[PDB]
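This document starts with one chain, in the form deposited in one PDB entry, laid out as structure tokens.
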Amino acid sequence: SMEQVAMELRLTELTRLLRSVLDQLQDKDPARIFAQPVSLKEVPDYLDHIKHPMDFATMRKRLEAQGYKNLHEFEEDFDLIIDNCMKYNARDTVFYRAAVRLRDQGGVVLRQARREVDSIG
């Protein structure tokens, strides 16, 4: 149907906008702390601590399959990156501090992304 096509075009355009958002958020992680999944070979207990691991590469795979239906879903995964790190790592660590700085900086980006998603529809 044409209606199904129009919905698919909207999803495609959302995917475009979320790719630009993802790029901008990942630039706020110049250390690349959040680039890849935590390795279960290197942190064998991780899944005892963190139930839903998340990282920028895993987000990018979902994005490229057009797997985010709305900005809320994308934000959920970004918040998991931050929140997982702030739980597993202590306040005095480079990891935790990197997560705080990512959250603070990413807030700016996400605030305008929401306006754009609402504005363009």
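Numbering starts at 1 and runs along the sequence shown.
There is another form of the same protein, the form solved in complex with a small molecule; it is not shown, and what comes next is about it.
- The small molecule is not drawn, but in the deposited bound form it has no heavy atom within 4.5 Å of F74.
- In the deposited bound form, at least one heavy atom of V43 sits within 4.5 Å of the small molecule.
- Among residues of the shown chain, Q66 is not one whose heavy atoms approach the small molecule to within 4.5 Å in the deposited bound form.
- Using a 4.5 angstroms limit between non-hydrogen atoms, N89 touches the small molecule in the deposited bound form.
- Remark: none of the three candidate residues (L25, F56 and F78) comes within 4.5 Å of the small molecule in the deposited bound form, counting heavy atoms only.
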